[PDB]
Structures are given as structure tokens and as C-alpha cells.
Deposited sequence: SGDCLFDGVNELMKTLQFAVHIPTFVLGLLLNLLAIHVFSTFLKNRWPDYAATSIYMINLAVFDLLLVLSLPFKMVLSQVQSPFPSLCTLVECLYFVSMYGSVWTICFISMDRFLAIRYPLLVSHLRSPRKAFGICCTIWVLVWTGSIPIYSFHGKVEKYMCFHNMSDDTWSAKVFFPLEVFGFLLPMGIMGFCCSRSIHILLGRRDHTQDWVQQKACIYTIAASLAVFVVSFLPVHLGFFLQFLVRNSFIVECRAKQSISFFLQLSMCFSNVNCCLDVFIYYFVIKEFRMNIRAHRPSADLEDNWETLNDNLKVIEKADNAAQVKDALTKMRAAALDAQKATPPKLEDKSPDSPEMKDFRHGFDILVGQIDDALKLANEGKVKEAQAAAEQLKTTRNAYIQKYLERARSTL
């Protein structure tokens, strides 16, 4: 039953993902390779992160044909199945740490606008991707934890003894999924909260990175931890063991869709790159006092409205747009001067001029602003 379903789902789902990866990941490789020509300090490191992710996923892409050919036969060649599993593991963990470092970079650029000048550098990016390659391959090196001879003889590679002991399961799982998952969650939540405080493309790309990370890594690592909790310190129960084996095998056959799921972060990063409540309520009060100036008779009322409008303009100026807000504050200043002089109708004329200045220079902001922030 479980074996028949295994064979059916494997033969059905490995066929498309190979072509999908070899097409879309290669397209991403080419696109970001052309994008690195721009050579800006902050506009390049992300492209090196993307090319690292694309290479890590292309590893799995090239592994898929080998895993298919070595599994469609009754284990004729047992040496290369270990290589296939090593490729899969290096792919997953390199992808995890690459996307997690991307989230670190985005969070440190958002929360600390000054440190990104000295942090985000193409040399730093090349160094960190090379470093993560080295450590991930070094941690994939000790996969020969079984008996020295014979070696494991199945491509789903359950393995035994010290593999599922705390000496191996924890130092791998905590340092490869749990810590990246936790720190990515913190970074992404803080980034989204800050961006929503400043309020779309950036929110979209952080959300896409977090969603891709969760969907592609949480199931397989949850299955790993569940097997550790079940086959070590929980009764077999037969039914639970069968269900958990089914779940972990499915996550094995569904985590290979990561090479395609990475397109959801690639596309949004590319859209953000092509394109390049605080602001919303600043615009709201600008319009509100602009409209209440018209229905006013006391000079004190128009003075108060102009004061609030000037405060809003000054606050929003810190988020072309520099000069537009400059002339907006200037016109608010003439309106305030006229109101202080005692004239009210002249304040209305100044407010009308302020309205046309806003419609001309300001409306481009709060429109592009609600497309990146």
C-alpha cells in the first residue's frame, strides 16, 4: 500500500520538477548574472545571494535524474545513492542558510539604514556564500555514521544507531533549521512590522521569502523531529509509525519542489529591483486640513489646520519629492502668514494653490511610496 503510493507519487512528481527547475533556475542564473553587471554595492550582493540559491537548487535539479534512475531499479548500484542523498542534503541546508542570510541582510538594511553602507558589499556576499558552501559540505561529510562496511542500502536512507541519537540529530537540526527558522522569523516579522509602520514590493518579497522557507523546510524538519521522537522514545503503535513514515517520505518527495518554489522569491526580488501608517496618515491629515480650511471662517481654525498640515508635511519629507515637499511647506508658510495677518480669504486662495501643488508634485509620492514601502 505505502510502497505502491510511494512509487506512483515519485514517478508522477519527479518528472515535472526536473524540467521546471532546469528551466526556471537556469533563467534566474542568467538573469542575475546579467544583473551583477550593474556593480552597485547594495544592488549586487542580493544578486550573489540569488545565484548562490540558484546553484544550491540546481544541485538538487541535477540530482533528480540520478535519484530517479537509481530508484526505478531494485538497488543495482548502492554507492551513488549516498551521493544522491548528500546532494539533496547540501541543497536543502545551503538553501536554508542562504535565504536566512538574505533575511538578515533585509532586516539590517531596514532597521539600521546606516550600517547597510558598510555591511552589504559584493565582497562580503561572495565571502559568506563561499563560507556557507564550505560549512554545509563539511557538515554533509559525516554521513557515514552507520557501520563502516556494507553502508546503507536504500535511497530513502533511514539509517540507524548514532544517526538518530542526540549526538547527531540535535547538532544538525538545531544548527540547520531551528536557529535559521527562528532568526528568520524574527527578522521577517520585524521587517514587516517596520514597513507597515512606514506605510508593498518589500513587504511582498519578505513575505515570499518567509513563505518559501516555511513551505520548503518546515515539513521535512518536522518529519525529522517527529521520527526522532517516535523511533527513539515512543512506542511503535504500528498505526502512528506507518503514518509518520508516510509523512516523512512524502516530505522527502515534496521538498524537492524547492527548486521551483524559489521562483516565488526570485520573481518578487526581480520586481523590486526593476522598480528601484505614518505616511498614509500624514497624507490623510494633509487632505483633511486642506478640506477643512475651505469650510472655515475664524482665522484661528485655519491657523490650526495649517499648523497640523505643516507638521504632517515635515514628517513626511523625511521618508524630486524633497523639492515638492519643500514648496508644499513653503506655500503652507505663506498661508500661515496670511492667516496671522488676519486675512482669511487670502488663506483660502493660498490653500487652493497648496492643493494644486499637492496634486502636481506630491501625488507622485504616496503612490510610488505605496509601491515599495
Parts of the chain sequence, as deposited, that carry no C-alpha coordinates in this structure: 1 to 7, 207 to 215, 293 to 299, 343 to 358
